[PDB]
Structure formats: structure tokens, C-alpha cells
Amino acid sequence: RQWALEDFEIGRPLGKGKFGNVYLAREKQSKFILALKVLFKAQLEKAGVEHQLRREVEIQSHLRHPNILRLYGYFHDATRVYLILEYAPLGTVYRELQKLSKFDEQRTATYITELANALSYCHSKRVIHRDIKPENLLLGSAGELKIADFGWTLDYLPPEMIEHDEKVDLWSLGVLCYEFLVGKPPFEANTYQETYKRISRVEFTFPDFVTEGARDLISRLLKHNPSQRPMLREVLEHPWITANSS
Ligand SMILES: Cc1cc(NC(=O)c2cccc(C(F)(F)F)c2)ccc1Oc1ncccc1-c1ccncn1
């Protein structure tokens, strides 16, 4: 597949991202709407992530789940690098959260399900993320979660990763479920030093409205020791999840 800028019509900007802007785009050849991201070699090289881009781009190129933002392909030219992505209309979970303040059990439980489902999928292919934050979570037309973290902020980093295998993403689901119901990440502090401290000591408390079913599931996810964290299956089978998911 030989792709090229000339193969798309560029529409409105879709905001800025680390290392380049994303644009709404339509394939002249297909009329198909999607998202185009432009990255600059110079900025990628400068700061050492040019190896990650290929590494993840390659891996991300083989994932196929309704809850994983798809990458139909990539290409470059002399100075820039282009990623062709699926277009998620409803924005980022991070935006919806600060708009709504927080999510109720139904919304949370349904997102966690979708998240656990994509992660289950990724596991069978030995694919882990190592950093799942709300701003990298996009929403489709039916409001379904779409992970756009070409996996392969200390707020969403597990202890073993700041002091690992696929146990990391369980800790990820733990942080997210909390942030969704409560409106903020569990180890969030005023200093970056105390956040590091809170994460390592795994100390968080729940606001009175968070239910027991939710506390159980989160308390089992946020374990300092990774082997003690449940498995995706257990999560998707959790009583709280099952009773509140769409
Ligand atoms: C979320 C996202 C992540 C990447 N991520 C990378 O390109 C990337 C991944 C891994 C590593 C790196 C490295 F290393 F260069 F830093 C970069 C690229 C495009 C992305 O989508 C958007 N971003 C900003 C605004 C809007 C969207 C969007 C897309 C589709 N529909 C609706 N909105």
C-alpha cells in the first residue's frame, strides 16, 4: 500500500497532540472519513522517540477491536510522518469527565468492560500498554470507548513502573474506574513528590458515595504487588461490573 498526502482531503483541525496536529480527513479514493496526524521527524528525533513510533505503529497496525482506535496505516515524506487513524466523533473521555464532573456506575462499569475487553484481546497477542490515561481514550458514535494508546504522567503509573508485564494494565483499570466515579485520579497530590509517595504506598481513600462493589473491585486492582491483582476475566466477571454494565 503506497499512501500519500495527495490521497486525502484535509478538513478542520482536531486539536493538538504530543508531537503534531490531528486533522479530520477524507480519502479521495474512498470518500471515507478518518483522522490524520502529522508528526515531524525533527521533533521526534530530537527527543528520542523515533524508535517508539515505529515500534508502536507496527504493533498498533495489527490490533483489531471495536474498542481500540484503529490505525489503517502510516507513511512519511522527507520531514513529516503521517498516521491514518479511525475518526472518533465524540471526543476524549477526559473531556467528557470534566464536563460531567464524574461518571455514574453504569457508565463506569460499561467503560471498564470495554477497556477490559480490548486489554483481554491485546493479551492474547502479548500486547500490553504501560500507561492508559483518559486523554488518550476516545469516544465513537455510539459512545463506545476506543483506546488510542499505541502502547507497547505519574498519575496513571503503577508502582513497579516508577520505583513488569501485563499486570500493569490491571492497575490501569483500577485508576480509571476510580477517576470515573470520583472525578479524579486516586493518588493525585499537590506535589509531584507526594503523588510518587502515595502511589508507592498505594494510599487512597474513597468519598462516601462510592459503593462497596466499586471499592472491592478498585481495592483489588490497586495492589502494590502485581501478581495479586486479578485477571481481566475476573474483572469482566466482577459482581459490580456485571450488575452495572450496559
Ligand atoms: C489520541 C491520539 C494519540 C496519537 N498518538 C500518537 O501519534 C503517538 C502514539 C505513540 C507514541 C507517539 C510518540 F512517540 F511519537 F510520542 C505518538 C495520535 C493521534 C491521536 O488522536 C488524537 N490526538 C489529538 C487530538 C485528537 C485525536 C483524534 C483522532 C481520531 N478521531 C478523533 N480525535
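Cβ atoms come from the backbone with ideal geometry, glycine included; neighbour counts cover every protein chain shown. Every number in this text was worked out from the coordinates using simple rules, so none of it is lab data.
At 222 nm, what value in deg cm²/dmol follows for the chain if DSSP H runs of at least 4 each add -39500 (n - 2.57) and the sum is divided by all its residues, to the nearest 500?
-11000 deg cm²/dmol
Percent antiparallel among DSSP beta bridges with both residues in segment 34-149, to the nearest 5?
Percentage antiparallel, nearest 5: 95.
Would you work out which of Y111, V127, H238 lies farthest towards the positive end of the dipole of the chain, given +1 charges on the beta-carbon of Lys and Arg and -1 on that of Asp and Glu, about the Cα centre?
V127
Once amide H atoms are placed 1.01 Å from N in the peptide plane, what residues at a sequence separation of 5 or more from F150, or on another chain, have their amide H within under 5 Å of its amide H?
Excluding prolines and chain starts, which carry no amide H, there are no hits.
With all pairs of different alpha carbon atoms counted, what Kirkwood hydrodynamic radius in Å does segment 107-236 show?
About 14.9 Å for segment 107-236.
Could you compute Rg(Cα) / (2.2 N^0.38 Å) for segment 44-193, with N its residue count? Spell out each step's value before the answer.
Details: Rg = 15.8 Å, N = 150, 2.2 N^0.38 = 14.8 Å.
Normalised Rg, Cα atoms only: 1.07.
Taking amide H atoms as placed 1.01 Å from N in the peptide plane, list the residues 5 or more away in sequence, or in a different chain, whose amide H sits under 5 Å from that of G73.
Correct list: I84.
Would you kindly derive the ³J(HN,Hα) couplings of segment 179-191 from the backbone phi angles with the Karplus curve 6.51 cos²θ - 1.76 cosθ + 1.60 (θ = phi - 60°), listing them in order in whole Hz, with x for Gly and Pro?
For segment 179-191, the Karplus curve yields 4, 5, 6, 9, x, 8, x, x, 9, 4, 9, 7, 10 Hz.
What's the magnitude of the charge dipole for segment 3-91 around its Cα centre, counting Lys and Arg as +1 and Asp and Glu as -1 at the beta-carbon? Answer in Debye, nearest 20. Mind dumping the intermediate values first?
Numbers: 14 positive and 10 negative charges, 49 e Å.
The calculated dipole for segment 3-91 is roughly 240 debye.
Work out, in µm²/s and without decimals, the Stokes-Einstein translational diffusion coefficient of segment 174-216 at 20 °C, 1.002 mPa s, Rh from Kirkwood over C-alpha pairs.
197
Across segment 29-36, in residue order, what do the Karplus-derived ³J(HN,Hα) couplings come to in whole Hz, using 6.51 cos²θ - 1.76 cosθ + 1.60 with θ = phi - 60° and x for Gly and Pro?
5, 10, 6, 5, 7, 7, 10, 10
Which value in Å is the Kirkwood Rh of segment 3-91 over different Cα pairs?
Final number for the Kirkwood radius of segment 3-91 is 13.6 Å.
To the nearest 20 Debye, how big is the dipole of segment 92-245 about its Cα centre, given +1 on the beta carbon of each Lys and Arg and -1 on that of each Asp and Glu?
In total the dipole reaches around 160 debye.
Out of residues 5 or more away from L14 or on other chains, whose amide H comes under 5 Å of its own, with H placed 1.01 Å from N in the peptide plane?
Here the answer is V22, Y23, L24, since their amide H atoms fall under 5 Å of that of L14.
Among the DSSP beta bridges whose two residues both lie in the chain, what percent are antiparallel, rounded to the nearest 5?
95
Using 28 Å as the Cα-Cα cut-off, could you pick out the over-long pairs in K31/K125; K37/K223; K133/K197; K99/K125; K18/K146; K41/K223?
Result: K31/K125; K37/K223; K99/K125; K41/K223 exceed 28 Å.
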